[PDB]
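Reading through the structure tokens given below for one structure.
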Amino acid sequence: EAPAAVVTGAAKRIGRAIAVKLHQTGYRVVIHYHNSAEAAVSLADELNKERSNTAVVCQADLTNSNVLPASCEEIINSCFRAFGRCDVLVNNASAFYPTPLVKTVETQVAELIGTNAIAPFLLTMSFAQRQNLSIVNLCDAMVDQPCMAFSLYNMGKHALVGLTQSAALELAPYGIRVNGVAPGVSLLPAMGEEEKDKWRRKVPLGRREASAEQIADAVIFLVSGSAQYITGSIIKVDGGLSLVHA
Amino acid sequence: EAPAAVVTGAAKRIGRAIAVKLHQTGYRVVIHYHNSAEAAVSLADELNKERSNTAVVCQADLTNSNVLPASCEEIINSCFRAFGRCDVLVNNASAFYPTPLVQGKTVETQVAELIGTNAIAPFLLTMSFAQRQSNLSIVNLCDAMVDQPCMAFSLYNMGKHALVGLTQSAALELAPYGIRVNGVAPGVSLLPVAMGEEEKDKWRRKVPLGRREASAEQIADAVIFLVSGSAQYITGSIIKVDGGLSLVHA
Amino acid sequence: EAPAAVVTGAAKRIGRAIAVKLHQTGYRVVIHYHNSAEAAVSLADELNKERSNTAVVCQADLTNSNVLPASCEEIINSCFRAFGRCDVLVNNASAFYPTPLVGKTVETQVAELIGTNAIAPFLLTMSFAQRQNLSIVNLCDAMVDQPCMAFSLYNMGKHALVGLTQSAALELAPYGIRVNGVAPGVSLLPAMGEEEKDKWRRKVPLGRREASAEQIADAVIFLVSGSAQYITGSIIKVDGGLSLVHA
Amino acid sequence: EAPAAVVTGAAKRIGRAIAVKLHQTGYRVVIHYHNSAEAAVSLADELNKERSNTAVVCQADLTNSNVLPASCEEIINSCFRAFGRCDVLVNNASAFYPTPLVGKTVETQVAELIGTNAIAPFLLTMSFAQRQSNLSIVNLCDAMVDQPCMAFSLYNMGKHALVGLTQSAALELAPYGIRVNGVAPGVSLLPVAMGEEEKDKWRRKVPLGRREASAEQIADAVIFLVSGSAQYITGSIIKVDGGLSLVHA
Ligand SMILES: NC(=O)c1ccc[n+]([C@@H]2O[C@H](COP(=O)([O-])OP(=O)(O)OC[C@H]3O[C@@H](n4cnc5c(N)ncnc54)[C@H](OP(=O)(O)O)[C@@H]3O)[C@@H](O)[C@H]2O)c1
Ligand SMILES: NC(=O)c1ccc[n+]([C@@H]2O[C@H](COP(=O)([O-])OP(=O)(O)OC[C@H]3O[C@@H](n4cnc5c(N)ncnc54)[C@H](OP(=O)(O)O)[C@@H]3O)[C@@H](O)[C@H]2O)c1
Ligand SMILES: NC(=O)c1ccc[n+]([C@@H]2O[C@H](COP(=O)([O-])OP(=O)(O)OC[C@H]3O[C@@H](n4cnc5c(N)ncnc54)[C@H](OP(=O)(O)O)[C@@H]3O)[C@@H](O)[C@H]2O)c1
Ligand SMILES: NC(=O)c1ccc[n+]([C@@H]2O[C@H](COP(=O)([O-])OP(=O)(O)OC[C@H]3O[C@@H](n4cnc5c(N)ncnc54)[C@H](OP(=O)(O)O)[C@@H]3O)[C@@H](O)[C@H]2O)c1
Ligand SMILES: Nc1nnc(-c2cnccc2N)s1
Ligand SMILES: Nc1nnc(-c2cnccc2N)s1
Ligand SMILES: Nc1nnc(-c2cnccc2N)s1
Ligand SMILES: Nc1nnc(-c2cnccc2N)s1
């Protein structure tokens, strides 16, 4: 009966909003988490109270390593084990921090390129091997006007655009659509406060950040039957921010 | 009180599906048309049968000329006259035909039609829409293939490129007024009536997702999303609806 | 047997630097101008001092109208008449002023902003090609995806020009005519107060200064040269990294 | 007095053409190579016979691993040790082969296709900058990144990452006077493995002359970007593809 979705990094913020909204649309969900065990379970409790046995949790470090492929295949497996099917993959988990050109660098590589790009590629491979099917990749609207000193992160997000397009092309014959949603500033990451207002003030549309829910709305669209011919598309949800010159 | 939308070139094909779906969502519609008088009238009948007083037609040439600004002002005015408001503008009307660089209309007529309909009229309508002013938005019909154009279609491609610029420029400028501006970019959808049948399968063969063109309804679905409350933070975005066609190398 | 080049809006600033550098490279040049007769003639005289009979001027308004096609045809024609050939077209002339969405009529703004930036380039390109290392270089704009506010028509003209660059490269490649662009960010500034000039210079990562006209010309020279023989449909940003800078 | 450049994968084909052209322009060159030992030395001989002490070779695997940072640091050191300076870095070395989504393990493919095409360029860029006049980096990109070969996701990911590196590094290193740009071939010298018929299929798609670019034509664009005629250009990627990327399916 009901379709099932994997949302990586689903315990908090945008991944949570995505998981909730998919659930409210009648998806069963695998809430993937790495460090946020208590939040992941709490979200699962909340969803299962609403409808029994519709939410499970799955722990995995999505850092690149010789065990990343096994971890990714296990995430896809948990969805089939729990629900008998996997209809939707949302690649939301993301590491984000500066790596100035002027943690070891190879750990930074592992987290920024691994979680942002290599895990999505491995998840994509496993999702496809095990088959309205679609993947949604959480991209970044500021990819071409990147944050200063954030090269590895930026590289990881560009790689994700490449994956989005390559996977859309290759998996289209399987009926698997592949798309993305690119936030501008949503709920800031902990991060600065005078710093956060500086950003909201740049945004043409209402001088504010998205909510997580506004991100989720775009995901919900792309997975829906209203996006059945859309693949290879990346929808910016940034209130115009990427259009604003320096 | 129901919202209202203007859809240009709405008598047939994609514009029609857009009009229908906006109406089904609860909009009152101004059906703009140029030559397709019967179909336009026919569609307004259908819509008004379903909910009386929810559909009018509006005839206008969208070729560029020194009266285009008045025609565009009039198209917007008509929505306000019939419905007391104008919440949504869809720029869908479009001329499309070859203009070879090395080669029965003059080149000034080709410029006026291809650039007027695809870019100048959208700019003038946008300006009238904004001036006359809730979830206000504009959706422009763009082209997923503008960076991999049809050979010998330079004026058309220039017009569609300009429409991308308009989408971004108007998104940026109208945002502080609460008007969002976005686009939907078809690949191949319902193919020209004048086009033969082997040429159609040639093009359908190219589409990775399902080896066919978009239904008009699939295009309309994307319009519906962009005007909806689920797209409130979305402005300056152009959604390709092309089944992966723009991803395919030569 | 020297090649020959048309540069539009060649009398001053960037088109002047382009015509000079093309002339230095061995081109004979048609210096097109609209209002700047004295500077156009003065450039032609300088250039002709350097080498007899290698520069002519050509006056024309590039605003769109029913006479634009004939104007563009005559510009191309003048190069064949003066020099017997036309190897290079540089589409440089450009109007630029705001057209807010919310004292010329709108249709005159359209004529000027879409005419000069896009329609005249298309008409010139058609004339250039009908009359045939042949290439065209269009002056595009590095900031076309992050436009100046209230410049919709200018921005529309420059997007149109990108489409032309691509469409003409595709269509003219069988005839061996390459078509490329050069996209300045901030170059010689629009007169303006040094405080406001400085605001823009401040934004440029590479050296915190605007491009010299010669720096723009350098990229044009490359694209027309034998070193760019396989390059077509390409637009080279010459912007010191300005378009990479977020808001 | 003479400037010096590092060129990766410089033993054959486009990297060779690039090192040859930089050499003809008066650069001293470090010819980096991985397996092409004989070709690398043969090339350095040739160059050194034209002017002596102007070419060294440097062997290194650019696969990602915990020792890639050291190898990249050493490549840059090669150039300072041989020539006392490092003016230009050309990131040319590149692994290229299919990785279908539906021999090598997947982690080896990630390591070779992402390492050579993106991680090594990032590490080399970091060491080039740390060790520091017309300083620049040129990355060999791919004009077809947005219309990719089917079943080449990992290669395509690496080339996209290399576009982000190009932009991120142009931005970050501009204050230090280091420019970062790219050159994007369409089809150039086709793989040695490729059959003639398959080659002509690709040649036929190219609007400008229905042929692939010569290695020299690719090199010309690199030569421009490092030149004083590109002094204000940074963050630009120049397609050298004869119009291939403009052709619809
Ligand atoms: N926030 C914004 O404004 C913004 C802007 C642009 C793009 N985005 C994109 O939108 C998406 C979600 O946004 P967000 O801010 O909600 O994400 P986020 O808070 O930065 O991180 C999302 C989750 O990813 C997981 N994660 C991080 N590193 C991991 C690793 N090594 N292994 C496994 N899991 C890991 C974490 O899960 P655990 O907590 O369970 O460990 C984390 O809570 C991301 O892909 C992001 O790149 C967001
Ligand atoms: N069809 C595709 O595969 C495809 C692909 C890419 C983009 N698009 C875009 O999607 C939109 C709709 O596609 P479509 O195929 O439905 O369009 P279409 O049928 O080619 O044209 C839509 C309408 O535009 C109107 N129009 C044409 N010239 C006009 C003028 N001078 N003044 C006023 N109206 C004029 C016509 O109205 P009358 O019939 O009333 O005279 C026509 O019915 C267009 O913007 C198009 O550029 C379509
Ligand atoms: N300067 C910059 O920072 C910058 C930035 C981005 C792009 N660009 C582009 O680079 C190119 C050259 O830049 P620029 O600053 O030197 O240009 P500009 O000084 O603004 O204009 C160039 C010339 O175009 C001619 N022109 C203007 N309107 C005309 C009309 N209606 N008919 C015929 N000719 C007309 C003028 O000729 P007369 O003087 O003879 O009347 C003018 O001297 C342009 O395409 C521009 O859009 C420049
Ligand atoms: N050829 C084309 O049509 C084309 C098309 C698009 C883009 N490009 C780009 O243009 C550049 C040059 O192309 P090309 O065809 O000359 O390149 P290529 O022959 O495929 O590769 C150049 C060199 O890369 C080195 N390399 C491969 N794997 C390596 C590793 N694990 N560690 C260190 N070095 C390694 C090899 O050096 P050894 O032989 O010494 O082992 C090889 O000779 C590349 O970046 C390519 O991606 C080329
Ligand atoms: N995982 C994240 N990706 N991007 C983030 C972010 C947070 N604040 C500003 C910009 C950002 N990209 S957080
Ligand atoms: N108005 C129109 N714009 N584009 C059209 C079209 C039809 N078939 C293939 C491609 C197209 N752009 S019809
Ligand atoms: N013709 C012109 N096009 N762009 C110009 C310009 C001048 N100052 C700042 C930005 C600009 N685009 S002038
Ligand atoms: N290292 C390489 N990158 N791309 C290559 C290539 C070879 N043939 C066709 C397209 C290609 N990108 S070889």
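Computed over heavy atoms, backbone and side chain alike; hydrogens, waters and symmetry mates excluded. So that the names make sense, note that chain A is the first sequence line, chain B the second, and so on, each numbered from 1.
Separating the SG atom in D:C72 from the CG atom in D:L68 is a distance of 4.0 Å, to the nearest 0.5 Å. For the atom pair C:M149 CE and B:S169 OG, the distance stands at 9.5 Å (nearest 0.5 Å). Rounded to the nearest 0.5 angstrom, A:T124 OG1 and A:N137 CG are separated by 6.0 Å. Note that the CD1 atom of A:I215 and the CD atom of A:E209 stand 10.5 Å from one another [nearest 0.5 Å]. Atom CG of residue A:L163 and atom CG of residue A:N91 lie 7.5 Å apart, to the nearest 0.5 angstrom. Separating the CG atom in D:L62 from the CD1 atom in D:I119 is a distance of 11.0 Å, to the nearest 0.5 Å.
Across all non-hydrogen atoms, the minimal contact from A:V237 to A:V181 is CG2-CG1, 3.8 Å. Contact record, D:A215 with D:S188: N-OG, 4.1 Å, taken as the closest heavy-atom pair. Shortest non-hydrogen contact noted between D:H160 and D:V145 is NE2-O, 3.1 Å. Across all non-hydrogen atoms, the minimal contact from B:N182 to B:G236 is OD1-N, 3.1 Å. Listed here is the closest heavy atom pair of C:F222 and C:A228: O-CB, 3.2 Å. The heavy-atom pair separating A:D238 from A:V203 by the smallest distance is O-CG1, 4.0 Å.
Using a 4.5 Å heavy-atom cutoff, the side chains of D:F128 and D:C79 are not in contact. Counting only heavy atoms from C-beta outward, the side chains of A:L112 and A:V109 never approach each other to under 4.5 Å. Residues A:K157 and A:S94 have side chains in contact (heavy-atom distance under 4.5 Å, counting atoms from C-beta outward). Counting heavy atoms from C-beta outward, A:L138 and A:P183 have side chains that approach closer than 4.5 Å. At least one side-chain heavy atom of D:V226 sits less than 4.5 Å from a side-chain heavy atom of D:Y27. Between C:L206 and D:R179, some side-chain heavy-atom pair lies under the 4.5 Å cut-off. Side-chain atoms of B:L172 and C:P147, non-hydrogen and from C-beta on, do get closer than 4.5 Å to each other. Taking the side chain as every heavy atom from C-beta outward, A:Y153 and A:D140 approach each other to under 4.5 Å.
In this structure, A:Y97 has its ring center no closer than 6.0 Å to that of A:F150.
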TODO: Begin with the C-alpha distance, continue with both residues' side-chain angles, and end with the deciding distance and a verdict on side-chain hydrogen bond (donor to acceptor under 3.5 Å, both in side chains) for D:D220 and C:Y230.
DONE: CA-CA 10 Å; D:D220 282 333; C:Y230 197 75; over 6 Å; no

TODO: I would like to know whether D:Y176 and D:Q132 meet side-chain contact (heavy atoms from CB on, under 4.5 Å); could you show each step before the answer?
DONE: CA-CA 9 Å; D:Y176 305 83; D:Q132 321 286 345; over 6 Å; no

TODO: Go through A:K202 and A:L241 one step at a time and tell me if the side-chain contact (heavy atoms from CB on, under 4.5 Å) criterion holds.
DONE: CA-CA 7 Å; A:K202 302 169 202 286; A:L241 177 67; 3.8 Å; yes

Task: Candidate pair C:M143 and C:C148, rule side-chain contact (heavy atoms from CB on, under 4.5 Å), full reasoning - done: CA-CA 8 Å; C:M143 302 294 286; C:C148 288; over 6 Å; no

- [ ] Report the C-alpha distance between D:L154 and D:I114 in whole Å, list the side-chain angles of each, state the deciding distance to 0.1 Å, and finish with yes or no for side-chain contact (heavy atoms from CB on, under 4.5 Å).
- [x] CA-CA 7 Å; D:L154 277 179; D:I114 310 298; 4.1 Å; yes

TODO: Go through the steps for A:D144 and D:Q167 under the test side-chain hydrogen bond (donor to acceptor under 3.5 Å, both in side chains), then give the verdict.
DONE: CA-CA 7 Å; A:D144 291 317; D:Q167 295 174 157; 3.3 Å; yes

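A donor-acceptor contact closer than 3.5 angstrom is absent between the side chains of A:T8 and A:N92. For the residue pair A:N64 / A:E111, no side-chain donor-acceptor distance below 3.5 Å is found, with atom types taken as modelled.
Judged by distance alone, the side chain of D:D87 and the main-chain N or O of D:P3 form no donor-acceptor pair under 3.5 Å. Side-chain atoms of D:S133 never come within 3.5 Å of backbone atoms of D:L135 as a donor-acceptor pair (strictly under, hydrogens ignored). A distance-only check finds a donor-acceptor pair linking the side chain of A:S233 to the backbone of B:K240 [under 3.5 Å]. Side-chain atoms of D:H32 come within 3.5 Å of backbone atoms of D:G9 as a donor-acceptor pair (strictly under, hydrogens ignored).
Among residues two or more places apart in sequence or in another chain, the salt bridge (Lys or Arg N to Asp or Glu O under 4.0 Å) test is passed with A:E170 by none.
Of the charged side-chain nitrogens involved, none lies within less than 4.0 Å of a carboxylate oxygen, so that D:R131 and D:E73 do not count as a salt-bridged pair.
Checking C:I235, C:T165, C:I236, C:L223 one by one against C:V137, the side chain to side chain contact (heavy atoms under 4.5 Å, CB included) holds for a single residue, C:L223.
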